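Heads up, run11.cif below (mmCIF, C-alpha atoms):
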data_model
loop_
_atom_site.group_PDB
_atom_site.id
_atom_site.type_symbol
_atom_site.label_atom_id
_atom_site.label_comp_id
_atom_site.auth_asym_id
_atom_site.auth_seq_id
_atom_site.Cartn_x
_atom_site.Cartn_y
_atom_site.Cartn_z
ATOM 1 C CA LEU A 12 -65.076 -25.604 -7.807
ATOM 2 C CA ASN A 13 -67.273 -22.686 -8.845
ATOM 3 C CA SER A 14 -68.450 -22.029 -12.411
ATOM 4 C CA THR A 15 -65.898 -19.235 -12.767
ATOM 5 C CA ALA A 16 -62.911 -21.421 -11.888
ATOM 6 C CA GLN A 17 -64.341 -24.170 -14.101
ATOM 7 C CA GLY A 18 -64.489 -21.914 -17.145
ATOM 8 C CA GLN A 19 -61.105 -20.409 -16.345
ATOM 9 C CA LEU A 20 -59.659 -23.907 -16.008
ATOM 10 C CA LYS A 21 -61.029 -24.934 -19.396
ATOM 11 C CA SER A 22 -59.699 -21.706 -20.927
ATOM 12 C CA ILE A 23 -56.203 -22.097 -19.472
ATOM 13 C CA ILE A 24 -56.008 -25.744 -20.526
ATOM 14 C CA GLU A 25 -57.155 -24.981 -24.079
ATOM 15 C CA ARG A 26 -54.772 -22.044 -24.588
ATOM 16 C CA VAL A 27 -51.825 -24.010 -23.207
ATOM 17 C CA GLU A 28 -52.675 -26.947 -25.469
ATOM 18 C CA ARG A 29 -52.826 -24.646 -28.509
ATOM 19 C CA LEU A 30 -49.477 -23.048 -27.683
ATOM 20 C CA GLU A 31 -48.001 -26.519 -27.218
ATOM 21 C CA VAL A 32 -49.323 -27.441 -30.660
ATOM 22 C CA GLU A 33 -47.715 -24.390 -32.283
ATOM 23 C CA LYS A 34 -44.490 -25.138 -30.402
ATOM 24 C CA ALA A 35 -44.519 -28.755 -31.592
ATOM 25 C CA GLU A 36 -45.104 -27.516 -35.133
ATOM 26 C CA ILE A 37 -42.087 -25.223 -34.905
ATOM 27 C CA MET A 38 -39.969 -28.100 -33.556
ATOM 28 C CA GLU A 39 -41.059 -30.334 -36.423
ATOM 29 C CA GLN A 40 -40.183 -27.592 -38.916
ATOM 30 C CA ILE A 41 -36.733 -27.370 -37.358
ATOM 31 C CA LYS A 42 -36.354 -31.133 -37.703
ATOM 32 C CA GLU A 43 -37.367 -30.748 -41.368
ATOM 33 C CA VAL A 44 -34.722 -28.077 -41.881
ATOM 34 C CA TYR A 45 -32.056 -30.303 -40.343
ATOM 35 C CA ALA A 46 -33.321 -33.172 -42.497
ATOM 36 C CA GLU A 47 -32.890 -31.303 -45.778
ATOM 37 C CA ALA A 48 -29.652 -29.858 -44.378
ATOM 38 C CA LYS A 49 -28.393 -33.407 -43.968
ATOM 39 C CA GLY A 50 -29.953 -33.819 -47.401
ATOM 40 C CA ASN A 51 -27.269 -31.448 -48.680
ATOM 41 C CA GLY A 52 -24.357 -33.290 -47.071
ATOM 42 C CA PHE A 53 -23.917 -31.280 -43.878
ATOM 43 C CA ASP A 54 -22.989 -32.556 -40.413
ATOM 44 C CA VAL A 55 -26.093 -31.990 -38.286
ATOM 45 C CA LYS A 56 -24.258 -32.443 -34.969
ATOM 46 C CA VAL A 57 -21.711 -29.802 -35.978
ATOM 47 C CA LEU A 58 -24.523 -27.531 -37.180
ATOM 48 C CA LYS A 59 -26.177 -27.832 -33.769
ATOM 49 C CA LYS A 60 -22.770 -27.062 -32.268
ATOM 50 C CA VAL A 61 -22.595 -23.869 -34.344
ATOM 51 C CA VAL A 62 -26.104 -22.887 -33.288
ATOM 52 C CA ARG A 63 -25.208 -23.576 -29.656
ATOM 53 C CA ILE A 64 -22.030 -21.482 -29.771
ATOM 54 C CA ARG A 65 -23.668 -18.612 -31.660
ATOM 55 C CA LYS A 66 -25.985 -18.091 -28.690
ATOM 56 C CA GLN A 67 -23.084 -17.789 -26.252
ATOM 57 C CA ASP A 68 -21.087 -14.633 -25.571
ATOM 58 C CA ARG A 69 -18.096 -14.556 -27.925
ATOM 59 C CA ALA A 70 -15.768 -13.194 -25.243
ATOM 60 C CA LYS A 71 -16.725 -15.863 -22.719
ATOM 61 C CA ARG A 72 -16.677 -18.501 -25.470
ATOM 62 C CA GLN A 73 -13.150 -17.656 -26.601
ATOM 63 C CA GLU A 74 -12.330 -17.456 -22.916
ATOM 64 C CA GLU A 75 -13.567 -20.971 -22.270
ATOM 65 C CA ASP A 76 -11.676 -22.082 -25.380
ATOM 66 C CA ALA A 77 -8.447 -20.502 -24.120
ATOM 67 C CA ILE A 78 -8.925 -22.016 -20.665
ATOM 68 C CA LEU A 79 -9.766 -25.366 -22.276
ATOM 69 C CA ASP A 80 -6.603 -25.305 -24.392
ATOM 70 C CA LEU A 81 -4.650 -24.267 -21.325
ATOM 71 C CA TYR A 82 -6.023 -27.194 -19.316
ATOM 72 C CA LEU A 83 -5.394 -29.728 -22.081
ATOM 73 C CA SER A 84 -1.792 -28.559 -22.458
ATOM 74 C CA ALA A 85 -1.328 -28.431 -18.672
ATOM 75 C CA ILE A 86 -1.938 -32.175 -18.370
ATOM 76 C CA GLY A 87 -0.269 -33.271 -21.598
ATOM 77 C CA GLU A 88 -3.566 -34.699 -22.816
ATOM 78 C CA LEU B 12 -16.022 -24.848 -49.006
ATOM 79 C CA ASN B 13 -17.533 -23.739 -52.309
ATOM 80 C CA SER B 14 -19.773 -20.685 -52.742
ATOM 81 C CA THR B 15 -22.832 -22.928 -52.979
ATOM 82 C CA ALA B 16 -22.218 -24.653 -49.644
ATOM 83 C CA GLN B 17 -21.372 -21.270 -48.113
ATOM 84 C CA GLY B 18 -24.694 -19.755 -49.133
ATOM 85 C CA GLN B 19 -26.566 -22.904 -48.162
ATOM 86 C CA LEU B 20 -24.834 -22.857 -44.780
ATOM 87 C CA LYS B 21 -25.842 -19.247 -44.175
ATOM 88 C CA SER B 22 -29.408 -20.047 -45.261
ATOM 89 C CA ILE B 23 -29.735 -23.097 -43.007
ATOM 90 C CA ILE B 24 -28.285 -21.238 -40.027
ATOM 91 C CA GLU B 25 -30.594 -18.248 -40.520
ATOM 92 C CA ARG B 26 -33.767 -20.326 -40.935
ATOM 93 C CA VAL B 27 -32.941 -22.459 -37.899
ATOM 94 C CA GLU B 28 -32.264 -19.334 -35.840
ATOM 95 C CA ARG B 29 -35.611 -17.835 -36.895
ATOM 96 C CA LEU B 30 -37.506 -21.012 -36.019
ATOM 97 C CA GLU B 31 -35.720 -21.084 -32.666
ATOM 98 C CA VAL B 32 -36.848 -17.500 -32.092
ATOM 99 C CA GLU B 33 -40.488 -18.345 -32.847
ATOM 100 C CA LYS B 34 -40.198 -21.415 -30.613
ATOM 101 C CA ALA B 35 -38.757 -19.332 -27.770
ATOM 102 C CA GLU B 36 -41.594 -16.852 -28.236
ATOM 103 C CA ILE B 37 -44.165 -19.631 -27.941
ATOM 104 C CA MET B 38 -42.440 -20.928 -24.792
ATOM 105 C CA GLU B 39 -42.488 -17.458 -23.256
ATOM 106 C CA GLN B 40 -46.193 -17.128 -24.075
ATOM 107 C CA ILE B 41 -46.808 -20.430 -22.313
ATOM 108 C CA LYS B 42 -44.898 -19.153 -19.289
ATOM 109 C CA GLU B 43 -47.108 -16.037 -19.398
ATOM 110 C CA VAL B 44 -50.236 -18.183 -19.450
ATOM 111 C CA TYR B 45 -49.023 -20.169 -16.448
ATOM 112 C CA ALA B 46 -48.136 -16.890 -14.736
ATOM 113 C CA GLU B 47 -51.631 -15.431 -15.042
ATOM 114 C CA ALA B 48 -53.006 -18.899 -14.261
ATOM 115 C CA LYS B 49 -51.115 -18.773 -10.982
ATOM 116 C CA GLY B 50 -52.445 -15.221 -10.934
ATOM 117 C CA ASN B 51 -55.912 -16.742 -10.570
ATOM 118 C CA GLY B 52 -54.995 -19.058 -7.698
ATOM 119 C CA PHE B 53 -54.311 -22.289 -9.574
ATOM 120 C CA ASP B 54 -51.651 -24.911 -8.838
ATOM 121 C CA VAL B 55 -49.239 -24.726 -11.776
ATOM 122 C CA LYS B 56 -47.575 -28.073 -10.997
ATOM 123 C CA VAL B 57 -50.970 -29.794 -10.980
ATOM 124 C CA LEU B 58 -51.924 -27.974 -14.186
ATOM 125 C CA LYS B 59 -48.767 -29.304 -15.839
ATOM 126 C CA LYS B 60 -49.737 -32.723 -14.486
ATOM 127 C CA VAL B 61 -53.136 -32.414 -16.185
ATOM 128 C CA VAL B 62 -51.508 -31.352 -19.443
ATOM 129 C CA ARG B 63 -49.082 -34.271 -19.186
ATOM 130 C CA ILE B 64 -51.827 -36.835 -18.564
ATOM 131 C CA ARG B 65 -54.114 -35.443 -21.270
ATOM 132 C CA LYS B 66 -51.462 -36.327 -23.848
ATOM 133 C CA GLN B 67 -51.306 -39.950 -22.707
ATOM 134 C CA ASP B 68 -53.660 -42.718 -23.806
ATOM 135 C CA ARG B 69 -56.566 -42.887 -21.352
ATOM 136 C CA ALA B 70 -56.647 -46.690 -21.404
ATOM 137 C CA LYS B 71 -52.932 -47.017 -20.698
ATOM 138 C CA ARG B 72 -53.153 -44.191 -18.150
ATOM 139 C CA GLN B 73 -55.955 -45.823 -16.171
ATOM 140 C CA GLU B 74 -54.006 -49.031 -16.614
ATOM 141 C CA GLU B 75 -50.889 -47.559 -15.059
ATOM 142 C CA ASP B 76 -53.086 -46.115 -12.307
ATOM 143 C CA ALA B 77 -54.632 -49.522 -11.597
ATOM 144 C CA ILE B 78 -51.218 -51.198 -11.615
ATOM 145 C CA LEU B 79 -49.864 -48.406 -9.403
ATOM 146 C CA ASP B 80 -52.678 -48.845 -6.878
ATOM 147 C CA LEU B 81 -52.143 -52.586 -7.032
ATOM 148 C CA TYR B 82 -48.428 -52.203 -6.299
ATOM 149 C CA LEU B 83 -48.976 -49.758 -3.439
ATOM 150 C CA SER B 84 -51.512 -52.084 -1.815
ATOM 151 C CA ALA B 85 -49.296 -55.122 -2.463
ATOM 152 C CA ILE B 86 -46.541 -53.710 -0.253
ATOM 153 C CA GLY B 87 -48.727 -52.051 2.368
ATOM 154 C CA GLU B 88 -47.217 -48.683 1.495
ATOM 155 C CA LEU C 12 -51.339 -59.938 -6.261
ATOM 156 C CA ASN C 13 -50.311 -63.048 -4.348
ATOM 157 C CA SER C 14 -48.155 -62.972 -1.201
ATOM 158 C CA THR C 15 -45.095 -64.114 -3.158
ATOM 159 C CA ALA C 16 -45.292 -61.247 -5.643
ATOM 160 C CA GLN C 17 -45.970 -58.918 -2.713
ATOM 161 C CA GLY C 18 -42.746 -59.864 -0.947
ATOM 162 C CA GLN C 19 -40.806 -59.882 -4.202
ATOM 163 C CA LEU C 20 -42.194 -56.429 -4.985
ATOM 164 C CA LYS C 21 -41.047 -55.167 -1.591
ATOM 165 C CA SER C 22 -37.630 -56.625 -2.363
ATOM 166 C CA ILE C 23 -37.385 -54.975 -5.795
ATOM 167 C CA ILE C 24 -38.511 -51.595 -4.460
ATOM 168 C CA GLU C 25 -35.951 -51.766 -1.645
ATOM 169 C CA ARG C 26 -33.152 -52.754 -4.054
ATOM 170 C CA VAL C 27 -33.926 -49.871 -6.386
ATOM 171 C CA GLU C 28 -34.210 -47.372 -3.532
ATOM 172 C CA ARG C 29 -30.826 -48.399 -2.118
ATOM 173 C CA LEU C 30 -29.182 -48.093 -5.533
ATOM 174 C CA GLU C 31 -30.772 -44.647 -5.893
ATOM 175 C CA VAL C 32 -29.316 -43.665 -2.517
ATOM 176 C CA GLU C 33 -25.808 -44.737 -3.546
ATOM 177 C CA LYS C 34 -26.235 -42.830 -6.821
ATOM 178 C CA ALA C 35 -27.215 -39.753 -4.813
ATOM 179 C CA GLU C 36 -24.049 -40.188 -2.743
ATOM 180 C CA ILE C 37 -21.916 -40.282 -5.885
ATOM 181 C CA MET C 38 -23.555 -37.115 -7.236
ATOM 182 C CA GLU C 39 -23.110 -35.309 -3.905
ATOM 183 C CA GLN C 40 -19.430 -36.281 -3.794
ATOM 184 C CA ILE C 41 -18.926 -35.046 -7.357
ATOM 185 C CA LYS C 42 -20.544 -31.756 -6.349
ATOM 186 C CA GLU C 43 -18.079 -31.561 -3.476
ATOM 187 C CA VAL C 44 -15.163 -32.323 -5.806
ATOM 188 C CA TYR C 45 -16.053 -29.528 -8.230
ATOM 189 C CA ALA C 46 -16.527 -27.220 -5.248
ATOM 190 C CA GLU C 47 -13.002 -28.130 -4.184
ATOM 191 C CA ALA C 48 -11.913 -27.502 -7.768
ATOM 192 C CA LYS C 49 -13.290 -23.961 -7.860
ATOM 193 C CA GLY C 50 -11.911 -23.411 -4.359
ATOM 194 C CA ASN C 51 -8.506 -23.492 -6.041
ATOM 195 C CA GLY C 52 -9.483 -21.086 -8.823
ATOM 196 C CA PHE C 53 -10.534 -23.488 -11.581
ATOM 197 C CA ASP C 54 -13.348 -23.097 -14.117
ATOM 198 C CA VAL C 55 -15.886 -25.785 -13.209
ATOM 199 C CA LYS C 56 -17.748 -25.589 -16.531
ATOM 200 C CA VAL C 57 -14.506 -25.987 -18.484
ATOM 201 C CA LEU C 58 -13.499 -28.886 -16.232
ATOM 202 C CA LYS C 59 -16.809 -30.605 -16.966
ATOM 203 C CA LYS C 60 -16.115 -29.933 -20.642
ATOM 204 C CA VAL C 61 -12.730 -31.639 -20.328
ATOM 205 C CA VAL C 62 -14.337 -34.616 -18.606
ATOM 206 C CA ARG C 63 -17.107 -34.874 -21.215
ATOM 207 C CA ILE C 64 -14.726 -34.641 -24.193
ATOM 208 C CA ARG C 65 -12.392 -37.251 -22.707
ATOM 209 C CA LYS C 66 -15.264 -39.717 -22.981
ATOM 210 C CA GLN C 67 -15.457 -39.110 -26.728
ATOM 211 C CA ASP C 68 -13.063 -40.571 -29.300
ATOM 212 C CA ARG C 69 -10.121 -38.174 -29.703
ATOM 213 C CA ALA C 70 -9.893 -38.498 -33.497
ATOM 214 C CA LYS C 71 -13.595 -37.749 -33.912
ATOM 215 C CA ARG C 72 -13.223 -34.956 -31.353
ATOM 216 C CA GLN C 73 -10.425 -33.137 -33.174
ATOM 217 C CA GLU C 74 -12.313 -33.924 -36.398
ATOM 218 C CA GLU C 75 -15.561 -32.315 -35.187
ATOM 219 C CA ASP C 76 -13.474 -29.391 -33.990
ATOM 220 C CA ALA C 77 -11.991 -29.124 -37.498
ATOM 221 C CA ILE C 78 -15.427 -29.227 -39.165
ATOM 222 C CA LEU C 79 -16.689 -26.694 -36.629
ATOM 223 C CA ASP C 80 -13.814 -24.323 -37.383
ATOM 224 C CA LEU C 81 -14.294 -24.908 -41.120
ATOM 225 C CA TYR C 82 -17.962 -23.883 -40.912
ATOM 226 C CA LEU C 83 -17.267 -20.916 -38.641
ATOM 227 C CA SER C 84 -14.598 -19.697 -41.043
ATOM 228 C CA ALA C 85 -16.986 -20.362 -43.924
ATOM 229 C CA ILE C 86 -19.414 -17.902 -42.334
ATOM 230 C CA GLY C 87 -16.848 -15.754 -40.528
ATOM 231 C CA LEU D 12 0.006 -22.846 -15.704
ATOM 232 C CA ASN D 13 2.722 -23.803 -13.234
ATOM 233 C CA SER D 14 3.809 -27.401 -12.584
ATOM 234 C CA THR D 15 1.881 -27.489 -9.302
ATOM 235 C CA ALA D 16 -1.426 -26.550 -10.919
ATOM 236 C CA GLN D 17 -0.623 -29.016 -13.703
ATOM 237 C CA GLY D 18 -0.287 -31.935 -11.302
ATOM 238 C CA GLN D 19 -3.270 -30.785 -9.267
ATOM 239 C CA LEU D 20 -5.293 -30.533 -12.477
ATOM 240 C CA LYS D 21 -4.328 -34.089 -13.399
ATOM 241 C CA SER D 22 -5.437 -35.138 -9.925
ATOM 242 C CA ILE D 23 -8.817 -33.382 -10.163
ATOM 243 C CA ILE D 24 -9.512 -34.783 -13.631
ATOM 244 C CA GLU D 25 -8.670 -38.309 -12.461
ATOM 245 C CA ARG D 26 -10.877 -37.965 -9.359
ATOM 246 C CA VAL D 27 -13.840 -36.787 -11.403
ATOM 247 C CA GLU D 28 -13.363 -39.496 -14.031
ATOM 248 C CA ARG D 29 -13.280 -42.235 -11.386
ATOM 249 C CA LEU D 30 -16.437 -40.897 -9.742
ATOM 250 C CA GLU D 31 -18.089 -40.822 -13.178
ATOM 251 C CA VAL D 32 -17.099 -44.460 -13.690
ATOM 252 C CA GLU D 33 -18.654 -45.511 -10.375
ATOM 253 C CA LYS D 34 -21.794 -43.543 -11.276
ATOM 254 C CA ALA D 35 -21.925 -45.414 -14.584
ATOM 255 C CA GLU D 36 -21.676 -48.688 -12.656
ATOM 256 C CA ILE D 37 -24.622 -47.710 -10.466
ATOM 257 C CA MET D 38 -26.735 -46.802 -13.508
ATOM 258 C CA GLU D 39 -25.837 -50.066 -15.267
ATOM 259 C CA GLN D 40 -26.776 -52.071 -12.169
ATOM 260 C CA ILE D 41 -30.102 -50.242 -11.910
ATOM 261 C CA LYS D 42 -30.744 -51.077 -15.563
ATOM 262 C CA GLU D 43 -30.045 -54.709 -14.732
ATOM 263 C CA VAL D 44 -32.389 -54.568 -11.732
ATOM 264 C CA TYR D 45 -35.309 -53.224 -13.769
ATOM 265 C CA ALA D 46 -34.547 -55.845 -16.414
ATOM 266 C CA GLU D 47 -34.828 -58.459 -13.680
ATOM 267 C CA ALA D 48 -38.051 -56.768 -12.595
ATOM 268 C CA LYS D 49 -39.678 -57.048 -16.019
ATOM 269 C CA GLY D 50 -38.308 -60.584 -16.301
ATOM 270 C CA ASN D 51 -40.855 -61.435 -13.614
ATOM 271 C CA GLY D 52 -43.734 -59.651 -15.348
ATOM 272 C CA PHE D 53 -43.625 -56.227 -13.692
ATOM 273 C CA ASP D 54 -44.308 -52.819 -15.250
ATOM 274 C CA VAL D 55 -40.955 -51.016 -15.205
ATOM 275 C CA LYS D 56 -42.453 -47.562 -15.817
ATOM 276 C CA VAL D 57 -44.913 -48.014 -12.948
ATOM 277 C CA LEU D 58 -42.094 -49.270 -10.720
ATOM 278 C CA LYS D 59 -40.081 -46.143 -11.504
ATOM 279 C CA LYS D 60 -43.219 -44.160 -10.691
ATOM 280 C CA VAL D 61 -43.446 -45.884 -7.307
ATOM 281 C CA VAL D 62 -39.788 -45.135 -6.627
ATOM 282 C CA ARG D 63 -40.141 -41.486 -7.675
ATOM 283 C CA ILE D 64 -43.287 -40.887 -5.592
ATOM 284 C CA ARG D 65 -41.729 -42.504 -2.523
ATOM 285 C CA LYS D 66 -39.147 -39.723 -2.588
ATOM 286 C CA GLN D 67 -41.905 -37.125 -2.296
ATOM 287 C CA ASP D 68 -43.753 -36.257 0.916
ATOM 288 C CA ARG D 69 -46.770 -38.572 1.231
ATOM 289 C CA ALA D 70 -49.174 -35.886 2.479
ATOM 290 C CA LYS D 71 -48.288 -33.575 -0.405
ATOM 291 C CA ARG D 72 -48.472 -36.572 -2.743
ATOM 292 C CA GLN D 73 -52.008 -37.590 -1.787
ATOM 293 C CA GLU D 74 -52.828 -33.861 -1.733
ATOM 294 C CA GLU D 75 -51.596 -33.281 -5.304
ATOM 295 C CA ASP D 76 -53.507 -36.396 -6.295
ATOM 296 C CA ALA D 77 -56.631 -34.880 -4.708
ATOM 297 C CA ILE D 78 -56.167 -31.548 -6.520
ATOM 298 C CA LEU D 79 -55.493 -33.443 -9.746
ATOM 299 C CA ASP D 80 -58.697 -35.457 -9.376
ATOM 300 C CA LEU D 81 -60.594 -32.290 -8.421
ATOM 301 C CA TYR D 82 -59.482 -30.538 -11.623
ATOM 302 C CA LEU D 83 -60.103 -33.586 -13.807
ATOM 303 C CA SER D 84 -63.599 -33.907 -12.373
ATOM 304 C CA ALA D 85 -64.049 -30.159 -12.815
ATOM 305 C CA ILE D 86 -63.445 -30.637 -16.540
ATOM 306 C CA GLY D 87 -64.689 -34.221 -16.798
#
If you convert what's in this file into structure tokens, what do you get?
Amino acid sequence: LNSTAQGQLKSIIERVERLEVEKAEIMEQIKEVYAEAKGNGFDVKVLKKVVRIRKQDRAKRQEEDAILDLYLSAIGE
Amino acid sequence: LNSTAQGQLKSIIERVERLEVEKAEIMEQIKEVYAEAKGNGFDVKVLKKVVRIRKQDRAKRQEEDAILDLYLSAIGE
Amino acid sequence: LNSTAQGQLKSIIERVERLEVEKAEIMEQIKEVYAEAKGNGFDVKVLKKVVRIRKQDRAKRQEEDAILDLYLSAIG
Amino acid sequence: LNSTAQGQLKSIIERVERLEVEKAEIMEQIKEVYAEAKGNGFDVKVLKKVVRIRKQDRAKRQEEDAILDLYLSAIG
């Protein structure tokens, strides 16, 4: 490669690595939060469920819940 | 639940949501970096490959490369 | 390597590849099944949800649903 | 729903569940195969690497390896 692409390559790699570090840090902090959360007697799986359903559209969520209920009753299961 | 667990639940949820936001932001920034990187004529897949192999132990990496080469030659493929 | 390990390696690789092919077939067929499911006006995502929750223990399922609802009501 | 869609739903669910079971069998067998592979002193990860790279086009594989090496040499 040329000197330009060499320096650009080093730059890109370094910036990406830094961002990955910050990202990893955030992830670890989240894990810490869930750890103390479990440290207060909360169900982490259910908490993650709440987080997952609070990102979804409420209308489509309640829709999928209604359809779900419908399907479960439709088969007797 | 009791008022304590209610407030703690709200707190946990809010903090986790914030951390998720920061995390998402970091991810988006990474995507931006790879976008301008591709904007300079670089192979993003290969870049990700470099990032992935720069996290691994060099000794075990070169090991797996030697073993790989060995296996490929062993079968004529 | 020695010739023995070479032939054995070829064997292993072939075995794994064949199993991977069969796995691919299964996945493709499943894809076709869900396509047939939506072709009759069914929600594929919800169907997958039904399948995934039928793998879980029912008592723990209705339990986790109860805890979920409890928390959601706790925060509105 | 109507009785027809109820029976059809039962059918679909059963079909999907059976396919999932067969898929599980395939995965379990693969697990057994790699266990047999390491039982003869082979690197399972590297074997999986061989399998995964044999799915890719060889020209593009050796090409991506060349670009990789080029970049790594470019940065040492």
Of the candidates D:85, D:37, D:32, D:78, which shows the shortest atom-to-atom distance to chain B, using all atoms listed in the file?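 The answer is D:78, which sits nearest to chain B.
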If we count only C-alpha atoms and set the cut-off at 10 Å, which residues sit around region 28-31 of chain C, ignoring sequence neighbours fewer than 6 positions away in its own chain? Please answer as a VMD selection string. (chain C and resid 22 37) or (chain D and resid 37 to 38 40 to 41 44 59 62 to 63 65 to 66)
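What the PyMOL selection byres ((chain B and resi 43-54) around 10) matches in the given file is residues 16, 19, 20, 22, 23, 24, 26, 27 and 30 of chain A; 37, 38, 39, 40, 41, 42, 55, 56, 57, 58, 59 and 60 of chain B; 75, 78, 79 and 82 of chain D.
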For chain C, list the residues within 8 Å of chain B, counting only C-alpha atoms, and write the list as a PyMOL selection string. chain C and resi 12+16-18+20-21+82+85-86
Could you jot down the CA of residue 23 (chain D) to CA of residue 48 (chain C) separation for me, Å, one decimal place?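 For CA of residue 23 (chain D) relative to CA of residue 48 (chain C), the distance reads 7.1 Å.
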Give me the least-squares superposed chain B (reference chain A; all C-alpha atoms paired in order) as a CSV table (one decimal) with C-alpha atoms, in the frame of the given file.
chain,number,residue,atom,x,y,z
B,12,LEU,CA,-65.1,-25.6,-7.8
B,13,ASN,CA,-67.3,-22.7,-8.8
B,14,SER,CA,-68.4,-22.0,-12.4
B,15,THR,CA,-65.9,-19.2,-12.8
B,16,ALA,CA,-62.9,-21.4,-11.9
B,17,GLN,CA,-64.3,-24.2,-14.1
B,18,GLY,CA,-64.5,-21.9,-17.1
B,19,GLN,CA,-61.1,-20.4,-16.3
B,20,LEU,CA,-59.7,-23.9,-16.0
B,21,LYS,CA,-61.0,-24.9,-19.4
B,22,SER,CA,-59.7,-21.7,-20.9
B,23,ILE,CA,-56.2,-22.1,-19.5
B,24,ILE,CA,-56.0,-25.7,-20.5
B,25,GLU,CA,-57.2,-25.0,-24.1
B,26,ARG,CA,-54.8,-22.0,-24.6
B,27,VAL,CA,-51.8,-24.0,-23.2
B,28,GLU,CA,-52.7,-26.9,-25.5
B,29,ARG,CA,-52.8,-24.6,-28.5
B,30,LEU,CA,-49.5,-23.0,-27.7
B,31,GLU,CA,-48.0,-26.5,-27.2
B,32,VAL,CA,-49.3,-27.4,-30.7
B,33,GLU,CA,-47.7,-24.4,-32.3
B,34,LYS,CA,-44.5,-25.1,-30.4
B,35,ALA,CA,-44.5,-28.8,-31.6
B,36,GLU,CA,-45.1,-27.5,-35.1
B,37,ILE,CA,-42.1,-25.2,-34.9
B,38,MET,CA,-40.0,-28.1,-33.6
B,39,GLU,CA,-41.1,-30.3,-36.4
B,40,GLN,CA,-40.2,-27.6,-38.9
B,41,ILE,CA,-36.7,-27.4,-37.4
B,42,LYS,CA,-36.4,-31.1,-37.7
B,43,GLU,CA,-37.4,-30.7,-41.4
B,44,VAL,CA,-34.7,-28.1,-41.9
B,45,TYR,CA,-32.1,-30.3,-40.3
B,46,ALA,CA,-33.3,-33.2,-42.5
B,47,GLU,CA,-32.9,-31.3,-45.8
B,48,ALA,CA,-29.7,-29.9,-44.4
B,49,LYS,CA,-28.4,-33.4,-44.0
B,50,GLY,CA,-30.0,-33.8,-47.4
B,51,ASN,CA,-27.3,-31.4,-48.7
B,52,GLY,CA,-24.4,-33.3,-47.1
B,53,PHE,CA,-23.9,-31.3,-43.9
B,54,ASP,CA,-23.0,-32.6,-40.4
B,55,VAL,CA,-26.1,-32.0,-38.3
B,56,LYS,CA,-24.3,-32.4,-35.0
B,57,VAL,CA,-21.7,-29.8,-36.0
B,58,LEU,CA,-24.5,-27.5,-37.2
B,59,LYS,CA,-26.2,-27.8,-33.8
B,60,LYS,CA,-22.8,-27.1,-32.3
B,61,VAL,CA,-22.6,-23.9,-34.3
B,62,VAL,CA,-26.1,-22.9,-33.3
B,63,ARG,CA,-25.2,-23.6,-29.7
B,64,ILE,CA,-22.0,-21.5,-29.8
B,65,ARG,CA,-23.7,-18.6,-31.7
B,66,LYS,CA,-26.0,-18.1,-28.7
B,67,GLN,CA,-23.1,-17.8,-26.3
B,68,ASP,CA,-21.1,-14.6,-25.6
B,69,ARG,CA,-18.1,-14.6,-27.9
B,70,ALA,CA,-15.8,-13.2,-25.2
B,71,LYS,CA,-16.7,-15.9,-22.7
B,72,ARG,CA,-16.7,-18.5,-25.5
B,73,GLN,CA,-13.1,-17.7,-26.6
B,74,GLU,CA,-12.3,-17.5,-22.9
B,75,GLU,CA,-13.6,-21.0,-22.3
B,76,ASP,CA,-11.7,-22.1,-25.4
B,77,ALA,CA,-8.4,-20.5,-24.1
B,78,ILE,CA,-8.9,-22.0,-20.7
B,79,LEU,CA,-9.8,-25.4,-22.3
B,80,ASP,CA,-6.6,-25.3,-24.4
B,81,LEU,CA,-4.6,-24.3,-21.3
B,82,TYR,CA,-6.0,-27.2,-19.3
B,83,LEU,CA,-5.4,-29.7,-22.1
B,84,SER,CA,-1.8,-28.6,-22.5
B,85,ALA,CA,-1.3,-28.4,-18.7
B,86,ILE,CA,-1.9,-32.2,-18.4
B,87,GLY,CA,-0.3,-33.3,-21.6
B,88,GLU,CA,-3.6,-34.7,-22.8
Grab the CA of residue 80 (chain A) to CA of residue 43 (chain C) distance for me, in Å with one decimal place.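 Interatomic distance, CA of residue 80 (chain A) to CA of residue 43 (chain C): 24.7 Å.
Interatomic distance, CA of residue 79 (chain A) against CA of residue 28 (chain B): 27.0 Å.
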Choose the residue, out of A:71, A:34, A:25, A:66, that has the smallest atom-to-atom separation from chain B; count all atoms listed in the file.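 Looking at the shortest contact to chain B, the residue is A:34.
Among the candidate residues D:13, D:51, D:73, D:84, the one lying nearest to chain C is D:51, with distances computed using all atoms listed in the file.
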Centre, edges in Å (one decimal): axis-aligned box, region 63-81 of chain C, 3 Å padding on all six sides, as JSON:
{"center_x": -13.5, "center_y": -32.4, "center_z": -31.2, "size_x": 13.2, "size_y": 22.2, "size_z": 25.9}
